[PDB]
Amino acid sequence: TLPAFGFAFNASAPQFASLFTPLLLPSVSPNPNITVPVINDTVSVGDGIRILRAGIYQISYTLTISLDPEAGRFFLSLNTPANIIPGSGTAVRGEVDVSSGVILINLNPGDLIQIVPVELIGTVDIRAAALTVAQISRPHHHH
């Protein structure tokens, strides 16, 4: 069968960051010529990606901030915004772009992956954002 995956993004509706408020991600179709949903066995819920299939996933994200003091820190969260995932931090301290690392993680059916601001100084204008979820494996053996 095919791996589970999803790509959910915002390229055309800026949003102000709010503490522990998931970023809006309304789009799933990044190809400008052949526009198709880049979703398979995940659900793009409007502000994140819900897992349908147990497995090991790669998760990561991007942001573009319209900077004018202004600072932000962001993480990925698991199910609720406070439940942040280690290795998923980004920070910002003209449009500037930030990208997270790639986190490998065991996820389960119903898990909801979101991008959340955890620290904000001044007003932070999110010009764009994108969340990447892709299955790398079935659940593996461990003790």
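Quick note: we count residues from 1 along the sequence shown, nothing fancier.
Mean C-alpha B-factor is higher over 121 to 129 than over the other stretch, the pair under comparison being 121 to 129 and 21 to 29. For the pair 31 to 39 and 55 to 63, the mean B factor over Cα atoms is greater in 31 to 39. Highest C-alpha temperature factor among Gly48, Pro109, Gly94, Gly87, as the PDB entry reports it: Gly94. Ranked within its chain, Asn10 lands in the middle third, by CA B factor from the PDB record. When the modelled residues of the chain are ordered by their C-alpha B factor, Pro81 lands in the middle third. The deposited CA B-factor of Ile136 belongs to the middle third of values across its chain.
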